[PDB]
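**Student:** Dropping the structure in here first, questions after.
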There are 2 protein chains.
Amino acid sequence: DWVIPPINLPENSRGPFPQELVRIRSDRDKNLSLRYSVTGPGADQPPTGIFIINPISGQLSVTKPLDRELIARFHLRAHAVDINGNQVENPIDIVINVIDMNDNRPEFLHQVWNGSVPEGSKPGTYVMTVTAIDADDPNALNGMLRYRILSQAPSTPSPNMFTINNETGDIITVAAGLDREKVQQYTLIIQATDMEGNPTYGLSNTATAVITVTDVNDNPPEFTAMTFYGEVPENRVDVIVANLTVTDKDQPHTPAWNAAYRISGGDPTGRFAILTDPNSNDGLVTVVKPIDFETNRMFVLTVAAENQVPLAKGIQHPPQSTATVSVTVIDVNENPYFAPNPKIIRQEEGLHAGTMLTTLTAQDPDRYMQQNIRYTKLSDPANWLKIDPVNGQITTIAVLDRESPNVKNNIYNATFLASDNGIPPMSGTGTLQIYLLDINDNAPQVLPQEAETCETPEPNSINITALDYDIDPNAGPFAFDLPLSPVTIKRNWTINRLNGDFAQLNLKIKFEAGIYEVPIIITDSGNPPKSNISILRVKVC
Amino acid sequence: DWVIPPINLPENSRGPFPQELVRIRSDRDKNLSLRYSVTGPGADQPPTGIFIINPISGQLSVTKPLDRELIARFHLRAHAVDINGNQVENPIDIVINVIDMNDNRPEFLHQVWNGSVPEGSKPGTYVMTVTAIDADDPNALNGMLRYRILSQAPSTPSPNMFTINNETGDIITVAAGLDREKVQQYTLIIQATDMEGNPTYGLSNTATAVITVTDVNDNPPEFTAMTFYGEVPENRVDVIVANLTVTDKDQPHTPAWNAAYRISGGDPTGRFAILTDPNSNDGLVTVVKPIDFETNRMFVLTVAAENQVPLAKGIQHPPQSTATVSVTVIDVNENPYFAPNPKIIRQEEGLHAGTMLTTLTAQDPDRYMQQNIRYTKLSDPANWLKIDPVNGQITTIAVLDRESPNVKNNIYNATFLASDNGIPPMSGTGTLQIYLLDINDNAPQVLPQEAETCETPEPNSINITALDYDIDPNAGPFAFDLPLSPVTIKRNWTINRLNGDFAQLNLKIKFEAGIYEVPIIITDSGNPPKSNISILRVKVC
Ligand SMILES: *[C@@H]1O[C@H](CO)[C@@H](O[C@@H]2O[C@H](CO)[C@@H](O)[C@H](O)[C@H]2NC(C)=O)[C@H](O)[C@H]1NC(C)=O
Ligand SMILES: *[C@@H]1O[C@H](CO)[C@@H](O[C@@H]2O[C@H](CO)[C@@H](O)[C@H](O)[C@H]2NC(C)=O)[C@H](O)[C@H]1NC(C)=O
Ligand SMILES: *[C@H]1O[C@H](CO)[C@@H](O[C@@H]2O[C@H](CO)[C@@H](O)[C@H](O)[C@H]2NC(C)=O)[C@H](O)[C@H]1NC(C)=O
Ligand SMILES: *[C@H]1O[C@H](CO)[C@@H](O[C@@H]2O[C@H](CO)[C@@H](O)[C@H](O)[C@H]2NC(C)=O)[C@H](O)[C@H]1NC(C)=O
Ligand SMILES: *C1O[C@H](CO)[C@@H](O)[C@H](O)[C@H]1NC(C)=O
Ligand SMILES: *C1O[C@H](CO)[C@@H](O)[C@H](O)[C@H]1NC(C)=O
Ligand SMILES: *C1O[C@H](CO)[C@@H](O)[C@H](O)[C@H]1NC(C)=O
Ligand SMILES: *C1O[C@H](CO)[C@@H](O)[C@H](O)[C@H]1NC(C)=O
Ligand SMILES: *[C@H]1O[C@H](CO)[C@@H](O)[C@H](O)[C@H]1NC(C)=O
Ligand SMILES: *[C@H]1O[C@H](CO)[C@@H](O)[C@H](O)[C@H]1NC(C)=O
Ligand SMILES: *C1O[C@H](CO)[C@@H](O)[C@H](O)[C@@H]1O
Ligand SMILES: *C1O[C@H](CO)[C@@H](O)[C@H](O)[C@@H]1O
Ligand SMILES: *[C@@H]1O[C@H](CO)[C@@H](O)[C@H](O)[C@@H]1O
Ligand SMILES: *[C@@H]1O[C@H](CO)[C@@H](O)[C@H](O)[C@@H]1O
Ligand SMILES: *[C@@H]1O[C@H](CO)[C@@H](O)[C@H](O)[C@@H]1O
Ligand SMILES: *[C@@H]1O[C@H](CO)[C@@H](O)[C@H](O)[C@@H]1O
Ligand SMILES: *[C@@H]1O[C@H](CO)[C@@H](O)[C@H](O)[C@@H]1O
Ligand SMILES: *[C@@H]1O[C@H](CO)[C@@H](O)[C@H](O)[C@@H]1O
Ligand SMILES: *[C@H]1O[C@H](CO)[C@@H](O)[C@H](O)[C@@H]1O
Ligand SMILES: *[C@H]1O[C@H](CO)[C@@H](O)[C@H](O)[C@@H]1O
Ligand SMILES: *[C@H]1O[C@H](CO)[C@@H](O)[C@H](O)[C@@H]1O
Ligand SMILES: *[C@H]1O[C@H](CO)[C@@H](O)[C@H](O)[C@@H]1O
Ligand SMILES: *[C@H]1O[C@H](CO)[C@@H](O)[C@H](O)[C@@H]1O
Ligand SMILES: *[C@H]1O[C@H](CO)[C@@H](O)[C@H](O)[C@@H]1O
Ligand SMILES: *[C@H]1O[C@H](CO)[C@@H](O)[C@H](O)[C@@H]1O
Ligand SMILES: *[C@H]1O[C@H](CO)[C@@H](O)[C@H](O)[C@@H]1O
Ligand SMILES: *[C@H]1O[C@H](CO)[C@@H](O)[C@H](O)[C@@H]1O
Ligand SMILES: *[C@H]1O[C@H](CO)[C@@H](O)[C@H](O)[C@@H]1O
Ligand SMILES: [Ca+2]
Ligand SMILES: [Ca+2]
Ligand SMILES: [Ca+2]
Ligand SMILES: [Ca+2]
Ligand SMILES: [Ca+2]
Ligand SMILES: [Ca+2]
Ligand SMILES: [Ca+2]
Ligand SMILES: [Ca+2]
Ligand SMILES: [Ca+2]
Ligand SMILES: [Ca+2]
Ligand SMILES: [Ca+2]
Ligand SMILES: [Ca+2]
Ligand SMILES: [Ca+2]
Ligand SMILES: [Ca+2]
Ligand SMILES: [Ca+2]
Ligand SMILES: [Ca+2]
Ligand SMILES: [Ca+2]
Ligand SMILES: [Ca+2]
Ligand SMILES: [Ca+2]
Ligand SMILES: [Ca+2]
Ligand SMILES: [Ca+2]
Ligand SMILES: [Ca+2]
Ligand SMILES: [Ca+2]
Ligand SMILES: [Ca+2]
């Protein structure tokens with residue numbers, strides 16, 4: 001089957017309507033009287049009445065102008081019937097192609113397009129892409145789009161910072177001088193022209209591209225002053241010294257604005273540490289390890305600034321990226337102390353009142369503030385000791401008796417104070433412990449002081465020992481003897497050695513009631529040996 | 001079978017070519033690979049290559065612009081064959097109608113059109129018709145013509161003598177004053193404009209109509225002079241009298257210029273007749289019947305002019321259509337004549353010499369020229385007659401003898417002349433015949449004059465009769481007698497009567513030779529009777 005040629009109509013016809021197009025008829029009309037009719041969308045189905053057919057002549061016609069963007073192709077079919085109702089021809093397909101006209105301006109999806117580009121990017125850097133669409137036929141000139149830029153705001157540093165690939169709509173940069181710290185955002189008017197951007201024939205329409213310039217690290221941190229000043233006490237470990245104040249021209253609170261300090265020198269021992277204040281962007285220098293004034297009176301330290309992210313290629317590191325802090329140190333008053341802590345001195349027991357035993361040395365760390373050393377009495381339960389403020393020498397007040405309940409253990413303990421005449425007065429407690437050697441200076445006594453027995457000439461009635469306040473050898477074996485005079489006593493009594501320390505006494509008369517006081521000479525070892533005539537009270541019946 | 005719609009193309013397309021029109025294809029191409037081709041005049045037959053078909057797509061195209069006036073409709077048919085040579089569709093008819101454009105100016109058959117109109121025809125009179133043709137479609141505006149007049153030469157009496165029925169092209173008159181004797185021919189520029197004579201859109205073209213104004217009888221014949229003069233002799237019958245000279249302002253030698261004269265009066269007797277000179281248009285007056293001067297000395301005749309065809313409606317008959325001719329008549333000398341022609345007069349015979357017999361009357365027609373009448377001798381063989389010039393009276397010269405060989409018959413004939421003393425002298429011959437009565441004036445004689453016989457006394461020897469020169473009764477019976485003396489004769493002889501006219505003589509003596517003269521008296525009747533003695537000579541032996 002040969003196919004009835006399609007009818008090719010341009011849209012937006014001016015008419016006048018009903019505009020006639022074509023005449024379909026059946027050759028069977030040589031003898032039959034036929035009636036024609038079209039069916040289908042555009043004819044009898046919606047949209048109704050666009051295409052009509054003269055029932056007699058078979059002439060086809062359009063009644064209004066067409067619109068390709070509304071309907072592009074109509075599919076009518078044509079009918080043939082004689083006046084007696086017989087179908088004379090099978091319905092036949094007939095096509096109307098509506099041919100495109102350029103009656104649609106290009107349109108942009110958005111009316112505002114957002115894009116961003118980094119600072120000082122090489123000319124040729126892609127930024128963003130803006131595209132329009134055309135409701136007309138893409139396959140025809142009518143729907144083929146070209147792009148260009150109409151205006152840039154603002155016009156600095158160059159009027160034409162950007163361009164646009166007139167087909168793809170890629171906005172690419174063509175100048176240099178994209179500096180956030182000067183012009184932080186550009187607004188562009190993009191224009192779309194169809195008909196392949198033909199100036200006289202093309203229909204045009206615009207949009208906006210807003211390009212924001214994103215920050216980079218191209219400004220170094222710069223200290224507000226060349227030199228800073230701070231103060232620190234001795235022996236402190238968590239105190240702020242100074243606040244280092246900087247300016248960075250980049251974007252606040254970006255890594256490229258955040259400061260990164262380190263102490264380049266002036267503290268070879270690590271007394272200070274540095275941390276960046278998150279909010280204020282300051283160099284907080286803090287004493288991390290304690291300092292000694294008498295080793296260091298002043299600190300002079302250099303400190304270098306930087307950012308968290310590296311600086312840009314061609315930018316200079318200025319002198320103003322380095323400042324110097326002078327740390328003046330405040331000196332404090334401190335405790336005095338002593339060469340030995342518990343000054344040990346050996347000394348014999350019996351000694352004069354007024355003998356200089358030993359001197360007590362005491363010194364002070366404060367080498368730059370010279371002071372009065374105040375030696376004073378503290379705690380000696382015996383009061384045998386004297387000391388003067390200027391000298392610190394120790395002299396005896398009394399005789400030093402080691403067999404005393406004031407010297408419980410073999411040595412005597414004594415405390416002393418050394419005080420500062422400084423505004424905050426300090427003091428240190430010194431000890432003196434002295435070893436007292438036992439000399440034989442105690443006369444032996446008789447132990448059974450009140451030994452009393454009746455008149456029995458018993459072979460061993462009374463046994464006597466010695467009381468001595470001295471330790472070996474100043475006690476040892478004791479000699480027991482009766483005196484020669486009065487003559488009566490050795491005539492009444494007799495003494496016998498047992499071993500060393502124990503001796504017996506017994507009456508050698510044969511025979512009353514009362515008191516008999518019997519003198520006894522007792523001597524102990526330690527030379528020169530001391531004797532004593534301790535009297536024994538005896539009661540006999 | 002549904003019929004592929006015809007393709008409707010305007011002629012004179014601007015292209016660009018090859019301009020595509022329609023796409024025919026077979027739906028059988030769903031699986032077959034087809035090849036298309038057109039055939040027919042305009043395709044493969046002459047004219048070749050106007051319409052081509054893309055063998056693959058089936059697209060049809062024109063290659064040059066069309067011309068409706070050259071070919072109006074193309075009848076191509078389209079073919080379909082698969083790549084393996086099979087005919088897939090029966091060839092199908094396809095029609096290109098070339099639609100008309102107005103690209104032809106109207107054309108006139110002739111470039112010069114001839115027509116004629118009579119003088120002073122009523123406004124509305126049809127003259128001629130001029131028509132153009134248009135090579136474009138008559139059924140369309142393009143070939144629909146309108147007419148108008150662009151110019152008239154000359155512009156008098158009115159600029160716009162004619163108009164033209166803008167559709168039929170009939171040139172009809174609209175003014176008055178069509179006067180041949182002023183403007184004899186008009187030239188018209190006719191213009192044809194197509195597009196129904198549309199001034200801005202129509203294409204125009206011209207021709208010429210030359211209108212000649214045909215003559216009518218609207219000018220009367222007018223005599224050059226009020227009066228004319230001529231001269232005529234007496235008794236003439238084919239002589240020209242005068243040439244009547246006229247002017248007619250109409251067209252020479254047309255019936256409306258030809259003169260027609262008649263004599264309205266002045267000649268109640270029909271002496272003159274008038275004929276028109278074919279060439280000179282003159283009134284030739286000719287003497288058709290002879291005239292007599294003595295009855296008419298002068299003629300005064302009025303003569304009316306006219307044309308062969310009647311004069312036009314409103315025109316006046318002038319006085320100058322009537323002239324008057326004075327015919328002066330020249331008088332001629334004419335013959336004189338006589339009251340009686342052969343003047344008969346009775347007269348007795350014997351009459352004196354000098355007797356006035358009768359007078360001869362003679363008269364003359366010339367009543368206005370009085371003349372001398374000249375009576376003269378002519379022919380009389382006897383000379384008995386005399387006549388004098390002044391009187392005309394006749395008197396006798398001699399004695400009038402009727403018995404003469406000069407008057408053979410009973411009467412005497414005599415001729416006479418009467419002559420004119422005029423410059424051309426005329427004359428008339430008069431006759432006079434006179435009856436002469438016989439009187440007895442002749443003496444009788446003897447008839448046998450020489451009767452001679454011998455001497456015999458014979459009873460009847462000599463018989464004698466009479467000789468008389470007169471007729472009865474002046475002869476009649478004659479008496480015969482012998483004289484008394486001499487005495488001897490009646491003694492010798494004797495006379496005897498026989499009857500009347502015859503008598504006998506005889507000698508009565510008894511007895512020689514010689515001559516005997518015998519006298520005899522003889523008398524005749526007519527009174528007074530005359531006798532005579534006639535002698536008879538006788539010889540006897
Ligand atoms: C879009 O860009 C194209 C490619 O740069 C342009 O096409 C060129 O235009 C120049 C005119 O100066 C011609 O000399 C060249 O022949 C073109 N190059 C080719 C082969 O593509 C075009 O001008 C631009 N469109 C507009 C009007 O902006
Ligand atoms: C030819 O003649 C016709 C008939 O006279 C003209 O047609 C008329 O034109 C006048 C314009 O003055 C109109 O008002 C009338 O309506 C017309 N009459 C009709 C009904 O035919 C015509 O103008 C002439 N053509 C030209 C242009 O010369
Ligand atoms: C001062 O002298 C010494 C200081 O060492 C004291 O003697 C010590 O006493 C303690 C009792 O708790 C014993 O256990 C130690 O053996 C002793 N020290 C040594 C190692 O000798 C003494 O008590 C102090 N004061 C007195 C009362 O003398
Ligand atoms: C003159 O007289 C008469 C004129 O009539 C002549 O007589 C006639 O002569 C002819 C001869 O030819 C006769 O026949 C006639 O009878 C005569 N006339 C009549 C009627 O009488 C005559 O001849 C003339 N002349 C002479 C010689 O006399
Ligand atoms: C850019 O962001 C702004 C909001 O400030 C908005 O108006 C716009 O739609 C954004 N651009 C697009 C289309 O992504
Ligand atoms: C210095 O540091 C202290 C504690 O961080 C703060 O009180 C003070 O405001 C700082 N100086 C400035 C101006 O940042
Ligand atoms: C009119 O006659 C002239 C000759 O004088 C001639 O040129 C012309 O053809 C005639 N007109 C027509 C077409 O009859
Ligand atoms: C008068 O008529 C005579 C004869 O026809 C001729 O010779 C003469 O020329 C005429 N006159 C004129 C001027 O026609
Ligand atoms: C010794 O004994 C005698 C007993 O007669 C006594 O008198 C004397 O006082 C005694 N002496 C002493 C004190 O032993
Ligand atoms: C008569 O007769 C005689 C004869 O004798 C003669 O003498 C005479 O002369 C005659 N007369 C005549 C003349 O007759
Ligand atoms: C983009 O931006 C602004 C507002 O949307 C306009 O000035 C411009 O015409 C375009 O729409
Ligand atoms: C009719 O008459 C003459 C010569 O033919 C031209 O003047 C005029 O244009 C028209 O042809
Ligand atoms: C394109 O932009 C231009 C300039 O702002 C306007 O004229 C138009 O309305 C469209 O937004
Ligand atoms: C720190 O700044 C001081 C200025 O007082 C310099 O003397 C030193 O060299 C360092 O740069
Ligand atoms: C001496 O030392 C004592 C400790 O026994 C302290 O309490 C006193 O303050 C002084 O420094
Ligand atoms: C029609 O007549 C006009 C005027 O004579 C001319 O212009 C033209 O040539 C044609 O003959
Ligand atoms: C002929 O012409 C004459 C003029 O001489 C008139 O007298 C006469 O009446 C007639 O018209
Ligand atoms: C007399 O008549 C005669 C005729 O007999 C003429 O011949 C002559 O001229 C005259 O008129
Ligand atoms: C034009 O095309 C670009 C492709 O990148 C998109 O931005 C968007 O889809 C627009 O229609
Ligand atoms: C302090 O240190 C900085 C390092 O950034 C240098 O740029 C400057 O010259 C000074 O020595
Ligand atoms: C801090 O102080 C020290 C010494 O006084 C120097 O390094 C510097 O001049 C600053 O003033
Ligand atoms: C020494 O003396 C000072 C006061 O001067 C005290 O603060 C310290 O405890 C010690 O006894
Ligand atoms: C000397 O040392 C002793 C301890 O050995 C303390 O008890 C005294 O206070 C002083 O400092
Ligand atoms: C136009 O038509 C008229 C009809 O009278 C004719 O003169 C001639 O045939 C011309 O073509
Ligand atoms: C002569 O006769 C003519 C006749 O045409 C008259 O018109 C004129 O008045 C005169 O009588
Ligand atoms: C001819 O002559 C006669 C009379 O002489 C008149 O009728 C007229 O005057 C004309 O001159
Ligand atoms: C009368 O006389 C004339 C001459 O005067 C002749 O011409 C004529 O014939 C006749 O004899
Ligand atoms: C008289 O008449 C006769 C004829 O009767 C002529 O012969 C003669 O000439 C005259 O005229
Ligand atoms: Ca549209
Ligand atoms: Ca469109
Ligand atoms: Ca478009
Ligand atoms: Ca920058
Ligand atoms: Ca920075
Ligand atoms: Ca920056
Ligand atoms: Ca210290
Ligand atoms: Ca200190
Ligand atoms: Ca101190
Ligand atoms: Ca002691
Ligand atoms: Ca001791
Ligand atoms: Ca001891
Ligand atoms: Ca043409
Ligand atoms: Ca045409
Ligand atoms: Ca035309
Ligand atoms: Ca006229
Ligand atoms: Ca005339
Ligand atoms: Ca005329
Ligand atoms: Ca006459
Ligand atoms: Ca005369
Ligand atoms: Ca005369
Ligand atoms: Ca006589
Ligand atoms: Ca006689
Ligand atoms: Ca006689």
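Each chain in the structure tokens gets a letter, A, B and so on, in the order shown; residues start at 1 in every chain, and ligands are counted from 1 in the order they appear.
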So that I can check the surroundings of residue B:471, please list as a VMD selection string every protein, DNA and RNA residue that reaches within 12 Å of it, counting only C-alpha atoms and ignoring chain neighbours fewer than 4 positions away.
**Tutor:** chain B and resid 402 to 403 410 437 to 442 444 467 475 to 477 524 to 526
**Student:** Take the residues from that selection and write them out as a PDB file, in the first residue's frame, keeping N, CA, C and O atoms.
**Tutor:**
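File part01.pdb, as written:
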```
ATOM      1  N   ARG B 402     -52.685  87.983-123.535  1.00  0.00           N
ATOM      2  CA  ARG B 402     -52.832  86.638-122.970  1.00  0.00           C
ATOM      3  C   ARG B 402     -52.591  85.510-123.983  1.00  0.00           C
ATOM      4  O   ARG B 402     -52.247  84.392-123.596  1.00  0.00           O
ATOM      5  N   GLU B 403     -52.770  85.805-125.270  1.00  0.00           N
ATOM      6  CA  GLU B 403     -52.464  84.840-126.332  1.00  0.00           C
ATOM      7  C   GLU B 403     -50.996  84.930-126.742  1.00  0.00           C
ATOM      8  O   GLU B 403     -50.667  85.260-127.886  1.00  0.00           O
ATOM      9  N   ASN B 410     -53.106  79.822-118.817  1.00  0.00           N
ATOM     10  CA  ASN B 410     -54.065  80.934-118.760  1.00  0.00           C
ATOM     11  C   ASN B 410     -53.654  82.129-117.889  1.00  0.00           C
ATOM     12  O   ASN B 410     -54.194  83.227-118.049  1.00  0.00           O
ATOM     13  N   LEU B 437     -58.528  87.514-118.432  1.00  0.00           N
ATOM     14  CA  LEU B 437     -59.767  87.183-119.130  1.00  0.00           C
ATOM     15  C   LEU B 437     -59.644  87.481-120.619  1.00  0.00           C
ATOM     16  O   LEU B 437     -59.212  88.568-121.007  1.00  0.00           O
ATOM     17  N   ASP B 438     -60.026  86.506-121.441  1.00  0.00           N
ATOM     18  CA  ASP B 438     -59.932  86.622-122.895  1.00  0.00           C
ATOM     19  C   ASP B 438     -61.006  87.549-123.456  1.00  0.00           C
ATOM     20  O   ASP B 438     -62.201  87.274-123.330  1.00  0.00           O
ATOM     21  N   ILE B 439     -60.568  88.653-124.056  1.00  0.00           N
ATOM     22  CA  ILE B 439     -61.461  89.551-124.792  1.00  0.00           C
ATOM     23  C   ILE B 439     -61.308  89.311-126.291  1.00  0.00           C
ATOM     24  O   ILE B 439     -60.266  88.826-126.740  1.00  0.00           O
ATOM     25  N   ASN B 440     -62.346  89.638-127.056  1.00  0.00           N
ATOM     26  CA  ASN B 440     -62.291  89.498-128.505  1.00  0.00           C
ATOM     27  C   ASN B 440     -61.463  90.613-129.136  1.00  0.00           C
ATOM     28  O   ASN B 440     -61.982  91.685-129.464  1.00  0.00           O
ATOM     29  N   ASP B 441     -60.168  90.350-129.281  1.00  0.00           N
ATOM     30  CA  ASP B 441     -59.235  91.310-129.862  1.00  0.00           C
ATOM     31  C   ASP B 441     -58.307  90.653-130.885  1.00  0.00           C
ATOM     32  O   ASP B 441     -57.191  91.120-131.120  1.00  0.00           O
ATOM     33  N   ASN B 442     -58.778  89.562-131.482  1.00  0.00           N
ATOM     34  CA  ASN B 442     -58.071  88.916-132.579  1.00  0.00           C
ATOM     35  C   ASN B 442     -58.972  88.732-133.786  1.00  0.00           C
ATOM     36  O   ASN B 442     -60.034  88.113-133.692  1.00  0.00           O
ATOM     37  N   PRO B 444     -60.218  87.121-137.144  1.00  0.00           N
ATOM     38  CA  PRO B 444     -60.173  85.789-137.755  1.00  0.00           C
ATOM     39  C   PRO B 444     -59.411  85.775-139.079  1.00  0.00           C
ATOM     40  O   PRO B 444     -59.462  86.749-139.832  1.00  0.00           O
ATOM     41  N   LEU B 467     -58.793  80.761-138.522  1.00  0.00           N
ATOM     42  CA  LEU B 467     -57.742  80.760-137.503  1.00  0.00           C
ATOM     43  C   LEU B 467     -57.945  81.921-136.536  1.00  0.00           C
ATOM     44  O   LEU B 467     -57.886  83.087-136.932  1.00  0.00           O
ATOM     45  N   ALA B 475     -64.540  82.903-130.399  1.00  0.00           N
ATOM     46  CA  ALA B 475     -64.304  82.235-131.670  1.00  0.00           C
ATOM     47  C   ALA B 475     -65.658  81.790-132.224  1.00  0.00           C
ATOM     48  O   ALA B 475     -66.196  82.423-133.135  1.00  0.00           O
ATOM     49  N   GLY B 476     -66.201  80.713-131.649  1.00  0.00           N
ATOM     50  CA  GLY B 476     -67.536  80.198-131.978  1.00  0.00           C
ATOM     51  C   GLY B 476     -67.796  79.974-133.459  1.00  0.00           C
ATOM     52  O   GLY B 476     -66.884  79.589-134.197  1.00  0.00           O
ATOM     53  N   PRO B 477     -69.055  80.184-133.898  1.00  0.00           N
ATOM     54  CA  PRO B 477     -69.408  80.192-135.323  1.00  0.00           C
ATOM     55  C   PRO B 477     -68.884  81.430-136.067  1.00  0.00           C
ATOM     56  O   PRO B 477     -69.071  82.560-135.606  1.00  0.00           O
ATOM     57  N   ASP B 524     -66.198  86.716-136.219  1.00  0.00           N
ATOM     58  CA  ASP B 524     -66.394  85.761-135.130  1.00  0.00           C
ATOM     59  C   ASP B 524     -67.390  86.280-134.092  1.00  0.00           C
ATOM     60  O   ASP B 524     -67.648  87.481-134.019  1.00  0.00           O
ATOM     61  N   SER B 525     -67.905  85.409-133.233  1.00  0.00           N
ATOM     62  CA  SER B 525     -68.946  85.796-132.267  1.00  0.00           C
ATOM     63  C   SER B 525     -68.687  86.987-131.309  1.00  0.00           C
ATOM     64  O   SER B 525     -69.348  88.021-131.402  1.00  0.00           O
ATOM     65  N   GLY B 526     -67.741  86.814-130.390  1.00  0.00           N
ATOM     66  CA  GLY B 526     -67.607  87.594-129.155  1.00  0.00           C
ATOM     67  C   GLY B 526     -67.753  89.093-129.342  1.00  0.00           C
ATOM     68  O   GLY B 526     -66.900  89.733-129.956  1.00  0.00           O
TER      69      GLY B 526
END
```
**Student:** Show me which residues sit within 6 Å of ligand 14 when counting only C-alpha atoms and all ligand atoms, and put them as a PyMOL selection string.
**Tutor:** chain A and resi 227+302+323-324
**Student:** Which of these residues is nearest to ligand 51, using only C-alpha atoms and all ligand atoms: B:469, B:74, B:17, B:162?
**Tutor:**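 Between B:469, B:74, B:17, B:162, the residue approaching ligand 51 most closely is B:469.
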**Student:** Would you mind telling me which residue in B:425, B:455, B:431, B:367 lies nearest to ligand 48 when using only C-alpha atoms and all ligand atoms?
**Tutor:**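 Answer, going by the shortest atom-to-atom distance: B:367.
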**Student:** Just want the 6 Å neighbourhood of stretch 411-413 of chain B, counted on only C-alpha atoms, with same-chain residues fewer than 6 positions away dropped. Output as a JSON list (two decimals) with N, CA and C atoms, in the first residue's frame.
**Tutor:**
```
[["chain", "number", "residue", "atom", "x", "y", "z"],
["B", 433, "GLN", "N", -49.63, 85.98, -109.26],
["B", 433, "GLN", "CA", -50.24, 85.25, -110.36],
["B", 433, "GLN", "C", -51.55, 85.93, -110.76],
["B", 434, "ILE", "N", -51.62, 86.39, -112.00],
["B", 434, "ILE", "CA", -52.77, 87.17, -112.48],
["B", 434, "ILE", "C", -53.60, 86.46, -113.53],
["B", 435, "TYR", "N", -54.91, 86.39, -113.27],
["B", 435, "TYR", "CA", -55.87, 85.77, -114.18],
["B", 435, "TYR", "C", -56.28, 86.73, -115.28]]
```
**Student:** Could you write out as a list in words the residues of chain A within 9 Å of chain B, counting only C-alpha atoms?
**Tutor:** residues 1, 2, 3, 4, 5, 6, 7, 8, 22, 23, 24, 25, 26, 27, 28, 80, 88, 89, 90 and 92 of chain A
**Student:** Can you tell me which residues come within 6 Å of ligand 43 when counting only C-alpha atoms and all ligand atoms, ideally as a ChimeraX atom specification?
**Tutor:** /B:102-106,134,136,142-143,194
**Student:** Produce a file of the selected residues containing N, CA and C atoms, as a short mmCIF file (atom, residue, chain, number, x, y, z; two decimals), in the first residue's frame.
**Tutor:**
```cif
data_model
loop_
_atom_site.label_atom_id
_atom_site.label_comp_id
_atom_site.auth_asym_id
_atom_site.auth_seq_id
_atom_site.Cartn_x
_atom_site.Cartn_y
_atom_site.Cartn_z
N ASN B 102 0.08 36.41 -11.59
CA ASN B 102 -0.13 37.48 -12.53
C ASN B 102 1.19 37.97 -13.09
N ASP B 103 1.72 37.24 -14.06
CA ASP B 103 3.01 37.58 -14.66
C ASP B 103 2.89 37.90 -16.15
N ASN B 104 1.66 38.12 -16.60
CA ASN B 104 1.41 38.52 -17.98
C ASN B 104 0.57 39.77 -18.10
N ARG B 105 1.13 40.78 -18.76
CA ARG B 105 0.40 42.00 -19.09
C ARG B 105 -0.58 41.71 -20.22
N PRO B 106 -1.73 42.41 -20.23
CA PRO B 106 -2.71 42.25 -21.30
C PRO B 106 -2.12 42.62 -22.66
N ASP B 134 -5.54 38.32 -22.10
CA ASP B 134 -4.54 38.09 -21.06
C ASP B 134 -4.13 36.62 -21.04
N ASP B 136 -2.74 34.98 -18.86
CA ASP B 136 -3.00 34.37 -17.55
C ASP B 136 -4.36 33.69 -17.52
N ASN B 142 -6.15 37.56 -12.18
CA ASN B 142 -4.98 37.83 -13.01
C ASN B 142 -5.30 38.10 -14.48
N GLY B 143 -6.32 37.43 -14.99
CA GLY B 143 -6.67 37.55 -16.40
C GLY B 143 -7.97 38.29 -16.66
N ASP B 194 -5.26 44.60 -16.16
CA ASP B 194 -5.77 43.37 -15.57
C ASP B 194 -6.04 43.56 -14.09
#
```
**Student:** May I have the residues within 6 Å of stretch 166-172 of chain B as a PyMOL selection string, using only C-alpha atoms and disregarding those fewer than 5 positions away in the same chain?
**Tutor:** chain B and resi 124-131+146-147
